[PDB]
Each structure stands twice: as C-alpha cells, then as structure tokens.
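One chain comes next, on its own, written out as structure tokens in the form deposited in one PDB entry.
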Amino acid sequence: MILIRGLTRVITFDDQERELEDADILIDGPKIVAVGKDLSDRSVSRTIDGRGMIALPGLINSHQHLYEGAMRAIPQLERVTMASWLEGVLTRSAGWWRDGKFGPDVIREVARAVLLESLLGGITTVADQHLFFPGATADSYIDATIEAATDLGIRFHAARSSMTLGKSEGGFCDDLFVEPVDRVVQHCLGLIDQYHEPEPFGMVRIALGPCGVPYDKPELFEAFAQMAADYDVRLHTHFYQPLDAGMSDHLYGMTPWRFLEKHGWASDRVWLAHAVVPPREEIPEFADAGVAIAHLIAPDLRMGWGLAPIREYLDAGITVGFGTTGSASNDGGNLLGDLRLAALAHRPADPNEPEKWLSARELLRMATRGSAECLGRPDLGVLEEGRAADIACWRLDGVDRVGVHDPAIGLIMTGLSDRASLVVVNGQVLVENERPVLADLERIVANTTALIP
C-alpha cells in the first residue's frame, strides 16, 4: 500500500464536491482505499510527502489525435481556415507516408512523446482517435499507439476511426483512406478481442469512432451502434463543427443530429467532440438522449470557430468533458493550460452576466469527472474509496503562486508552468518531483526527434 500524506488541498469531485485540507490519500493496488485526515500508515509500504501540493483526480483527455504530434508549429498551417488546414495535414501525412517516413514505427514514437508529455501535464487517461489509415488496409497504427501507452503506464482509450464515405460517391473523403464498412467493423472486432479490458480499472479500452457525419456511411454508424450494444463499448465522433450542418443536409437533407439519431447514435453510449454550433432547439434532445460532449477550446479558437455553448449544455444537465485535440491544431497536449483558455475566452460572450462564466471548479470537473463520464468510466475522475488510484498533484509553493488565496482557482489562473509534481496511474507512481519515474525522457526525446519528418 501507498500513502500520500498531508496534501495541502484535495479536490475529490465526489457527489458532495468535498474538498479537504491537510489530508491524505491511501492506495492499495489500482484502487483508492481512503481519502481523509490522519489516515493510518498501517500496512503502508511507502509514504509520499504531499505537503505543499494540491491533488486532483488524474486529468482525462477525452479527445486526441496522437499522430499529429509530428505536425506542430508548421508555419504554413499557423493561420489557416479549416479547409486549408485539413488540406494541408492530409497532404503532408500522405506524402510522408508514401515516402516511407510515416509508418506505424514512427507513429509509435510520436505517440510515446505526446503521451509522456500528457503524464507530465497531469493527464492520467487519454482517448486517441487515430485518423490516418492510408491504403485500403489500416496498418498496425492503433497497435502502435496502444504499445506506446502500455510501455508508459498511461490509461488509454483507442477510438478506431475511419472514412468510409469516399468522394467517389458523394463523399468528401479521398479514396486513399476509404475502407469498406465490413473491413472497418472487422478490424474493430479484432481490436476488441486482442486489446479490450472491460473489467473495472482496465488499462486499455476500445471505442468506435467514425470521423463524422460528413465522412462516414449511415451503415457504419448503425454497424457501430450494434457493436456498442454487443460489447458494451462506447461511440465517439466529431459533432457540429462549422459547415457540418451544410454537408449533412446536402447528403441526407437533415441535421447532423437528426442523422445520428436516425442511425442509432442518440444514446447514453455516445460522446461527441466540439459541438460548436448546434441548433439551440436540438440541445434539449441531447439532454434526453443522454449523450456526452467534449469541449475543445483550443482547436475551436485556433480554427476561428468560436465558443461552444457550454453553459447551455450544463444548464440542460448534459455531461461535459474536456480535450485538447491533436497537436496539429493546438499545438500542445497541455490539458491544464487549455482550461485557462476556456476560463477566459468564454467571458466576453456574456459581458454583463458573470454568473454564466465557467468557473475554475467547473472546468476542473470537466477535465476529470466530466471526461471520465464521456468515456464511460465510473471508476475514474473522482478521489474516493473504490475508484482508481489515478491521481495528479501540483506544487503550490512556487514563487509564481505566492499570494494565491484559492488553490483550485490558482491552478487555472496563475503559474509559469503546468508541470505536475506527482502523477499516479492505476496505483503506479509515474511522475514524482516533476520527473518521470520509469520513462527515459532524454532517450525518448532523441529517438522521437530523429523520426519526425
């Protein structure tokens, strides 16, 4: 057993939103045994000094595109609209791939670096949607990301993505990535068989994640809806990015939401990325259907899209989580830093109603318990007995946080650095004193850097 003792502040996000001062967290295997003051060092084989730190549930990034880690800070993609952006990324990724510079071995190391950064930013679980499946046959890309993740000890959800609707038939997808529906379903069934850990505290899970309504066939969506029921896995896709509604009506003469509902996706098995520009009247329907929504402030701003109606979703009682998206439109994997961005960026939408502005604690919940709920993990996102020992702590005693009166608010509103001090995943200490415990950071940096096209 491991005991973290004398944490300055502990934010549980439990059902009464308890917070604790000068308290302890007790851990046994993958699970939290207790959260409270002066816990006994009974069977404890190690005590970690928590003084001067704030502890949260591990952060959960409910929307990544790991492979985009190779595409950061490209000058020609710095200031572009979505059309130019999408064009530029696919062009580069397919070009590199054709030249043998972008194989699963390269994606493995790119995933390794972005996931390591994730751990260092206090992120204990990542859901990746790998979108790059060149040739009719999707290579071992997903296996590569899963291998990086398991080597690191980070909890990992792989949402198998696709582009089953080629332009060669009214679609918008290049036929280089367009697989037959049945081939996609079959790859997924195999992934689940090899990789899925459905038990509580499972470290690798599979989700089914079409690229989106404008890019995939209704048959894929229905095929997935059926699988989700069969195997109790979750459904994930992009939702109401700008221009989507136009494309959906053009192919199906209905809204993206009407479509999803028509094809079995209006269910509590689903979590949806962005949800930037939904029709207001559809929002209560998301509520009743029980879908979850992942807020991605960085990409939404970066593409010039604007502010998703997050207050509205919360008002409706819709589950809201948080994510960074891939590093080709972020361009970092810093989930904590993005929370500050959401905290501030939303305010000018309601100049005279501060009560509607998202609070630090609401955002911190999104990034932990909210995301947990998006991924269908009731074993994550909350510091309480019986939940997973997935814990992220930050120091409060740096010169850049002097004068802070509320540590949770300080975490978002102050600081030169979002580096986590102590990070535990599945009861395993992976970061301590802001340094990787098991990973060879310098070796990973050199190996991955050598492989960037």
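Numbering starts at 1 and runs along the sequence shown. Residues that one form lacks are left out of the comparison. Rigid core (definition): largest C-alpha set, two forms, superposition within 1.5 Å.
As for the form solved in complex with a small molecule, it is not shown, yet the points below apply to it.
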message: For a quick test of understanding: in the deposited complex, does each of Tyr215, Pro299 and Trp305 have a heavy atom within 4.5 Å of the small molecule?
response: yes
statement: None of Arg155, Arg269, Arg160, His274 but one has a heavy atom within 4.5 Å of the small molecule in the deposited complex; the exception is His274
query: Just one of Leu131, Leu380, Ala342, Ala113 has a heavy atom within 4.5 angstroms of the small molecule in the deposited complex, so which one?
result: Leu131
field: Location of the small molecule contact in the deposited complex, chosen stretch of 62-70, 389-397, 43-51, 25-33 [non-hydrogen atom, 4.5 Å]
entry: 62-70
message: Given that the small molecule is not shown alongside this chain, does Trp85 nevertheless sit within 4.5 Å of it in the deposited complex, heavy atom to heavy atom?
response: yes
- request: State yes or no: in the deposited complex, is some non-hydrogen atom of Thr124 no more than 4.5 angstroms from a non-hydrogen atom of the small molecule?
  value: no
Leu314 within 4.5 Å of the small molecule in the deposited complex, heavy atoms: no
message: Contact with the small molecule in the deposited complex for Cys211, defined as at least one heavy atom pair within 4.5 Å: yes or no?
response: yes
- prompt: Tell me, which of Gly332, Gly171, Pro104, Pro309 is the one whose C-alpha shifts by at least 2 Å between the shown form and the other one, with the rigid core superposed?
  reply: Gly171
Displacement runs between the shown form and the other one, C-alpha, 2 Å or more, three or more consecutive residues, core aligned: 168-173
